[PDB]
Amino acid sequence: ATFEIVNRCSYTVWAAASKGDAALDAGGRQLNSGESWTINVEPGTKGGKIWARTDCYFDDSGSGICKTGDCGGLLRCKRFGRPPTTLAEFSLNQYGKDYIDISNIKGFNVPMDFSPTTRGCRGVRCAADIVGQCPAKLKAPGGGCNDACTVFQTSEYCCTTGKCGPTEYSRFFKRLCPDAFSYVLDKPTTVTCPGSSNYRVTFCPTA
């Protein structure tokens, strides 16, 4: 499957793509404002994620740091990124269908649209100014808006027991972005697409 990753933000981002135990495609790349990078994701990929990283430095070997979404200091991510990270999430070719969503469960750094480029389903979007509106206790000093699990490490926020409800913090994310997961047991906002659809992830779709 192809995923065109487009940076419409006015700032550089370092796109990342992983299924947690491996890179997807090259795993990461710099995208200056306006640039597009198309990756190939193997059919059947389960639990894949795409995200943006901000304020990165990498040396000539691809090692460094980012302020949001850092994946073990690598340009080419093999693992998931450090919160806060707005997440484009997908599982492909699952009994004949693809499943896509956006999640704020690991916080928010960059606004995103995640849409099919082929027929048969809608896209999802979380493009509100969550960083600007972020509750004071969730603001990440390194940049972005942390989820409450990251900040407070409680069973209720982290849904450790499979028993949690919505919270004042989850409701903030849900108010700003109804179409994204705000906590682990949120009413799902997953979209079912035809198996083997192709996609576009756009950072800063509205500015």
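Draft legend 1. Broad picture of unusual backbone geometry. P83 connects to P84 through a cis peptide bond whose omega is 5°. Mapped onto the elements of the fold, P84 is located in the loop between strand 7 (64–65) and strand 8 (87–94). Positive phi, close to 55°, is recorded for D55, a residue that is not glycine. Positionally, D55 belongs in the loop between strand 5 (48–53) and strand 6 (57–58). Positive phi, normally seen in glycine, also occurs at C159, with a value near 60°. By the secondary structure assignment, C159 is in the loop between helix 3 (155–158) and helix 4 (168–176).

Draft legend 2. Expanded view of the state of the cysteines. The full count for this structure, using the stated rule, is 8 disulfides. Here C121 pairs with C193 through a disulfide, and the sulfurs are 2.1 Å apart. On the sign convention where negative is left-handed, the bridge of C121 and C193, at about 100° about the S-S bond, is right-handed. Residue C121 is found in the loop between strand 10 (112–116) and strand 11 (124–126), and its partner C193 is found in strand 12 (residues 191–194); the two are separated by 72 residues along the sequence. What pairs with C126 in a disulfide is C177, and their sulfur atoms sit 2.1 Å apart. Between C126 and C177 the disulfide shows an S-S torsion of about 85°. By sign, it is right-handed. In this pair, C126 sits in strand 11 while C177 sits in the loop between helix 4 and strand 12, placing the two residues 51 residues apart along the sequence. Grouping residues by exposure puts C126 and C177 together as buried.

Draft legend 3. Structural detail: the environment of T167. Its location among the elements puts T167 in the loop between helix 3 and helix 4. Residues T167 and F90, spaced 77 residues apart in sequence, show a C-alpha to C-alpha distance of 25 Å. In this view, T167 contacts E156 and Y157; residues no more than four positions away in its chain are not counted.

Draft legend 4. Layout of the nonpolar core. Formed by 42 residues in total, the largest nonpolar core has its most connected members in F3, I50, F90, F114, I130 and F203. Element by element, the count of residues in this core is highest for helix 4, at 4 residues. The next biggest cluster of nonpolar side chains, apart from the first, holds 5 residues, and it includes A16, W51, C71 and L87.

Draft legend 5. Region of the structure containing the sheet that holds strand 1 (residues 2–7). One open sheet holds the 5 strands; their spatial order is 4-1-13-10-11, and the pairing between them is mixed. Each of the sheet's edge strands pairs with one partner strand only, and the pair in question is strand 4 (36–40) and strand 11. The average undirected angle you get between the axes of adjacent strands in this sheet is 15°. Bridge count between strand 1 and strand 4: 5 bridges; the pairing is antiparallel. Bridging across to strand 4, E4 finds its partner in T38.

Draft legend 6. Structural detail: the pairing of strand 2 (residues 13–18). With 6 of 6 residues buried, strand 2 is to be regarded as a mostly interior element. Neither face of strand 2 is exposed, since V13, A15 and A17 on one face and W14, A16 and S18 on the opposite face are all buried. Pairing geometry for strand 2 and strand 3 (residues 23–31), over 5 bridges, is antiparallel. Counted as the bridge partner of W14 is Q30 from strand 3.

Draft legend 7. Region of the structure containing the side chain of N146. Assignment of secondary structure puts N146 in the loop between helix 1 (130–133) and helix 2 (148–152). With near-sequence residues (within four places) excluded, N146 lies in contact with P83, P84, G107, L138, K139, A140, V151 and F173.

Draft legend 8. The UniProt feature "disulfide bond" in the protein, seen in detail. Between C134 and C145, where UniProt places a disulfide, the sulfurs come within 2.1 Å of each other, which fits a bond. Separated by 11 residues along the polypeptide, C134 in the loop between helix 1 and helix 2 and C145 in the loop between helix 1 and helix 2 bring together distant segments of the chain. For the pair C134 and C145, one class covers both residues: buried. Formation of the UniProt-listed bridge between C149 and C158 is supported by an S-S distance of 2.1 Å, under 2.5 Å. When its relative accessible area of 15% is taken as the criterion, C149 is described as buried. Overall, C158 belongs to the partly exposed group, its relative accessible area being 22%.

Rules behind the numbers
- Residues numbered from 1 in each chain as written, not as in the entry; some residues may be left out.
- Heavy atoms only, no water.
- Helix = DSSP H or I, 4+ residues; strand = E, 2+ residues; numbered from the N terminus.
- Disulfide = S-S within 2.5 Å.
- Buried < 20%, exposed > 50% of the residue type's maximum accessible area, 1.4 Å probe, protein only.
- Contact = heavy atoms within 4.5 Å.
- Core = buried A, V, L, I, M, F, W, Y, C linked by side-chain atoms within 4.5 Å.
- Pairing = 2+ DSSP bridges.
- Axes fitted to C-alpha atoms, helices over the stretch in contact; angles between N-to-C directions.
- UniProt positions renumbered as here; feature names shortened; annotations may be inferred.

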